[PDB]
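Colleague: Sequence, then the experimental structure. Questions to follow.
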Number of protein chains: 2
Amino acid sequence: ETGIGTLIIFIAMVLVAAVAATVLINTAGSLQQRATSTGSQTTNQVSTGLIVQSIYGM
Amino acid sequence: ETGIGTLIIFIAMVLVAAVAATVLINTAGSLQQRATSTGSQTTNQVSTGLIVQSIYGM
């Protein structure tokens, strides 16, 4: 009967959907750390600087 | 996310305004001492002099 064949494919459908879910989570986690670090590094880059007061010679 | 880029440029705008402020203050302080000294030196120069009373010979 059709009942047996339906159950077999059902298991396969669940496993496939889990794979595509894993890709999206892993990619978002990788891009999270890069975007956070870039923001913090740029903030330090703009604000920091050195200034010359006076120059003397002998 | 227009808010992020606004804040970054804002920091730079503040720093540039501080630079132009420093130039005007430093220049005015330098010109102050020259203008003060010149006035006092000229006052002495005009008012001072020597006079000959009488001349004798042997």
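Modeller: Perfect, I can see it now. Numbers count the residues shown, from 1 in each chain, chains lettered A, B, ... in the order given.
Colleague: got the residues of chain A near chain B?
Modeller: Counting by Cβ under 8 Å from any Cβ of the partner chain, chain A comes close to chain B at A:39, A:42, A:43, A:46, A:47, A:49. Yep, even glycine has a C-beta here, placed from its N, CA and C like the rest.
Colleague: Next, the residue of chain A with the smallest separation from chain B: phi, psi?
Modeller: With Cβ to the nearest Cβ as the measure, residue A:46 is the residue of chain A nearest to chain B, at 5.4 Å. Dihedral angles of residue A:46 (phi, psi; degrees, to the nearest 10) stand at phi -80, psi -40.
Colleague: if I look at it, how far off is residue B:46?
Modeller: Distance, residue A:46 to residue B:46, by Cβ to Cβ, to the nearest Å: 56 Å.
Colleague: Compare the two (neighbour count), which wins?
Modeller: residue A:46 (13 against 8; other Cβ atoms under 10 Å in any protein chain shown).
Colleague: Quick one: residues contacting that one.
Modeller: Neighbouring residues of residue A:46 by Cβ atoms under 8 Å, 6 or more residues apart in numbering or on different chains: B:8, B:11, B:12.
Colleague: Return the distance of the residue nearest the centre of chain A relative to residue B:13.
Modeller: Nearest residue to the geometric centre of chain A (Cα atoms, centre = their mean): residue A:31, 1.8 Å. Separation of residue A:31 from residue B:13 (Cβ to Cβ): 30 Å.
Colleague: same thing with residue A:7?
Modeller: Counting by Cβ to Cβ - residue A:7 and residue B:13 are separated by 66 Å.
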